[PDB]
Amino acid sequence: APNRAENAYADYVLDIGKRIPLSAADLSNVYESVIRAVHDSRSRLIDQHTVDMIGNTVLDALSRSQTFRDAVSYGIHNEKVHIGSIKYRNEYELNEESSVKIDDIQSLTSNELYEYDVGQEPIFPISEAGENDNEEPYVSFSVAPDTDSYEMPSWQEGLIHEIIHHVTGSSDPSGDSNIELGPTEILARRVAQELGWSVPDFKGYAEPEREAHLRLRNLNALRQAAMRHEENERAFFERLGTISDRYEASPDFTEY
């Protein structure tokens, strides 16, 4: 097998994954497990909108992307993460290059998402496929942007990307490349294409235009989420802080 960080790993995963397809019954079980896993992720997600969007995105990919099904099937049959085991989080971190006057995410205000100097916004999402100490896998990712937002398809594609790390064991390029996507992003882009998610045609995982697109997508998703909860702004930033501190927030979003 190719190394998990080389582009070749993508087509390898799919070739092997296609050998044992998911029956409509297998798919049905996967489907229900994802519904459960996403619902169980409420306590680490910023809002119900984000819960809904994660579920919709993953289920739509299972329903309409052969590539995603092939990747998911690969993991089930080849000792990677079974997609139904993955839970979801919206962890953020302070931007250490920033200017903004805050000790913690809990004290942040919506004004501070606009009024800061340079390109140093106060916080960034943590976007990663990790596991907790009981080896239970999770994806941390940006809060969901608004329905019908410019940011939605890129957000969806990036979410699928992190899931691909778990379900296929793929990695990103070892070096910062402007001409190689890496096998995880290759697969995520194929899923996006099959689903009609409009994303920019980047060639390199770390190319400056991609990095800029991501930061701006994340900042706007955060601004949009904060605005959705303008009525309960302090509760919104406290919840984001609670999640980022790795504690459980209300699974029923009672602060809203």
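In case it trips you up, residue 1 is the first one in the sequence shown, and so on.
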Check your understanding: If you average the Cα B factors in the entry, which is higher, 46 to 54 or 198 to 206?
Key -> 198 to 206
Review point. Which of the two stretches, 67 to 75 or 92 to 100, shows the higher mean Cα temperature factor in the record?
Key: 92 to 100
Review point. Quick one: which of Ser127, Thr168, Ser154, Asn134 has the biggest Cα B-factor according to the entry?
Key: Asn134
Review point. For the listed residues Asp117, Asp148, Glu162, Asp172, which one has the largest C-alpha B-factor as given in the deposited model?
Key: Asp117
Exercise for review: Divide the modelled residues of the chain into thirds by Cα B-factor and specify which third, lowest, middle or highest, holds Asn232.
Suggested key: middle
Point to revise | Entry-reported Cα temperature factor of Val30, expressed as the chain third it lands in | key: highest
Check your understanding: Based on the entry's values, in what third of the chain does the Cα temperature factor of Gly182 lie: lowest, middle or highest?
Key -> middle
Practice item. Pull the Cα B-factor of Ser142 out of the PDB entry and bin it into the chain's lowest, middle or highest third. Key: lowest
Review point. Which third of the chain holds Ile16 when residues are ordered by C-alpha B factor: lowest, middle or highest?
Key: highest
